[PDB]
Structures are given as C-alpha cells and as structure tokens.
Amino acid sequence: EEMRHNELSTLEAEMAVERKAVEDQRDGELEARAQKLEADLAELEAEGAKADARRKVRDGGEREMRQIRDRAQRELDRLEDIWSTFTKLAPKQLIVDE
C-alpha cells in the first residue's frame, strides 16, 4: 500500500506526461495528414480530374486519420486498462495478456 499510496500521484503525473506525449504524436499525425490533405487539395482541385476523383484522395486522407486516431485511441485505452489494473492490483488475481 504505502509506496503505491504516495507514488500513485507521482505515477499518475507520469501517466499524464506519457499521454501528453501520446497526444503530441497524435496531433503530429493530425498536422502531417492535414498537410497531406492540403496536398490532395493542391494536386486535385488544380487539374481537370474528375470532381470525385479529386476528392478520392481527400477521402483517403480522412480515412487515414480515422484509422490513425483509432490506433491512438486503442493504445490509450490499453494504457487506461493497465492503469486501472495497477490501481486494482490485489493478491489472488489472475493477470493474463503477458
């Protein structure tokens, strides 16, 4: 208990720092594919290409964002799960997922 009791605040601060770094990676993804989506704009609405084929790259970029934020949300949920497990760690408990 005691070391968990006082380092819960410290380790939750470390968790906040880690999730802030995760969100730094996440808005790095946001900015990178926002730039690539405006590149889709510039290589799409600047030619005589099909009015949908010019937005096919737009949809591809936005779908890349949906799946990328899915990745980020899933690993953040994994971290939330491990934190909840660490708080609720008790003797005679079965940890699986090595």
# chains A, B, ... in the order shown; residues from 1 in each chain; ligands from 1
$ residues_around --residues "segment 79-94 of chain A" --least-positions-apart "4" --cutoff "10 Å" --atoms "only C-alpha atoms" --output "list in words"
residues 4, 5, 8, 11, 12, 15, 18, 19, 73, 74 and 75 of chain A
$ closest_atom_pairs --of "segment 49-79 of chain A" --to "segment 24-44 of chain A" --cutoff "8 Å" --atoms "only C-alpha atoms" --output "JSON lines"
{"residue": "A:49", "atom": "CA", "partner": "A:44", "partner_atom": "CA", "distance": 7.0}
{"residue": "A:53", "atom": "CA", "partner": "A:44", "partner_atom": "CA", "distance": 7.8}
{"residue": "A:54", "atom": "CA", "partner": "A:44", "partner_atom": "CA", "distance": 4.3}
{"residue": "A:55", "atom": "CA", "partner": "A:44", "partner_atom": "CA", "distance": 7.0}
{"residue": "A:57", "atom": "CA", "partner": "A:40", "partner_atom": "CA", "distance": 5.8}
{"residue": "A:58", "atom": "CA", "partner": "A:37", "partner_atom": "CA", "distance": 6.0}
{"residue": "A:61", "atom": "CA", "partner": "A:37", "partner_atom": "CA", "distance": 5.9}
{"residue": "A:62", "atom": "CA", "partner": "A:37", "partner_atom": "CA", "distance": 7.9}
{"residue": "A:65", "atom": "CA", "partner": "A:30", "partner_atom": "CA", "distance": 7.2}
{"residue": "A:68", "atom": "CA", "partner": "A:29", "partner_atom": "CA", "distance": 7.7}
{"residue": "A:69", "atom": "CA", "partner": "A:26", "partner_atom": "CA", "distance": 7.2}
{"residue": "A:72", "atom": "CA", "partner": "A:26", "partner_atom": "CA", "distance": 6.8}
$ select_by_dssp --residues "segment 27-57 of chain A" --states "helix (DSSP H, G or I)" --output "count of residues only"
23
$ closest_residue --among "A:7, A:23, A:2, A:64" --to "residue 76 of chain A" --atoms "only C-alpha atoms"
A:23
